[PDB]
Structures are given as C-alpha cells and as structure tokens.
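Only one chain is shown below, in structure tokens, and it's the form deposited in one PDB entry.
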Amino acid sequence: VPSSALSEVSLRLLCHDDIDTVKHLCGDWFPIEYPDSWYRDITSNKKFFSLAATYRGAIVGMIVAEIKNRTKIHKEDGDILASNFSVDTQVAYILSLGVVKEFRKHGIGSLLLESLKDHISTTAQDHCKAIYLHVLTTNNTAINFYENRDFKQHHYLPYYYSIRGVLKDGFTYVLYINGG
C-alpha cells in the first residue's frame, strides 16, 4: 500500500450492494456478531450515518454513527450531556469505526472521523453537541487513537453478568462539539 494512498481515497455512503463486503470486514474487525438486519439497516441510509472510504473501488474503511436525542442515549451514559441540555439536543454514537489492516496508519480513520464531525456540525437536522462511543479496555490502539483526537474518558463500564449474557468491561469516550 503506497504512502500516497490517502490522496486517492474517496468517501461515499454505503448501499445495499455493500452488505456482503461490510459483513466480511466486520467479521474481521469485531468479535461481536450483530444480526443480519443491522447490516441492512446501516446500508439503507435511513436510521444511520454510514460513510465508507474506498481505494481503487474497494471499501478499505468505514464509520457508522447514530444520531440520537437524549432519550436514546445508553442509560449508563445519560450524563455525557450536562443536565441543562434539552431532551431534543442530539449526540452521535459511533457504532463502528474500522479500517482494513494494511491501510491503517494512513489517515483513513482520522478522515472518516472528521467527516462524521463535519456532517453533524454543518447540517441542521443532524446537528450534535457530542460524539461518544464505547471501547474495550483492552483495545489500546483505539484508545490512543481517540485520546489523541481529544476524546475524553467519561466512564468506566464494569463487567456485567446475567443469565441473558455477558458484557465485558469498557470505557465510554466522549468529544464535545459545537458548544457541547
């Protein structure tokens, strides 16, 4: 992969034709398998903001975000917005950010993140006061990435057990924007 790969990278919305490719990439990047309907959802342009980075026609990275009002923020993360912000105030939750391994450290991840931030800072309907996400405590690469881009650790989420399943521990990271 050429050092100049970034200059020839394009950005576009995901579409239904991408589903198989997305599944494959997500299967490579994340141990948690979401149901098939999630993949349709993010490739539909209705409920999610999903941007792909492409190189010579191939998807080499992607970011998936959900724009939420305060009532759709994870309950354990309700306090990412101070208590004086209106319920209609919105935030962007990063469901997914990934780049094909060989294409990493070329600025693609930063590009996808910047694009999400511009999207929610310039258009009225998706205007947001924060970006937040969850990261496993063991994902040092992602933690450094976000902290170097001025996301702050907002919470530690402890390990959780139930007959319904197990949630690993993790962090809630948050970036305040546009007066957030």
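Between two forms, the rigid core is the largest collection of C-alphas that superpose within 1.5 Å. Numbers follow the displayed sequence, beginning with 1. Residues that one form lacks are left out of the comparison.
Keep in mind the form deposited in another entry is missing from the figure; the text below concerns it.
Does superposing the core leave residue 134 with a CA shift of 2 Å or more between the shown form and the other one?
False for residue 134: its C-alpha shift is below 2 Å.
Relative to the superposed rigid core, does residue 79 relocate between the shown form and the other one - that is, does its Cα move 2 Å or more?
After core superposition, the C-alpha of residue 79 moves less than 2 Å between the shown form and the other one.
Superposing on the rigid core, is the CA of residue 13 displaced by 2 Å or more between the shown form and the other one?
Comparing the forms between the shown form and the other one, which are aligned on their rigid core, residue 13 does not shift its C-alpha by 2 Å or more.
Distance direction in the other entry for the C-alpha atoms of residue 75 and residue 165, relative to the displayed form (3 angstroms or more)
Here the pair is closer than in the other entry; there, farther apart.
Note on residue 36-residue 126 C-alpha separation in the other entry, which departs from the shown form by 3 angstroms or more:
Farther: residue 36 and residue 126 separate by 3 Å or more in the other entry.
Enumerate, in order of sequence, every stretch of at least three consecutive residues present in both forms where each C-alpha is displaced by 2 angstroms or more between the shown form and the other one, superposition done on the rigid core.
82 to 88, 124 to 127, 159 to 168 are the stretches that move between the shown form and the other one.
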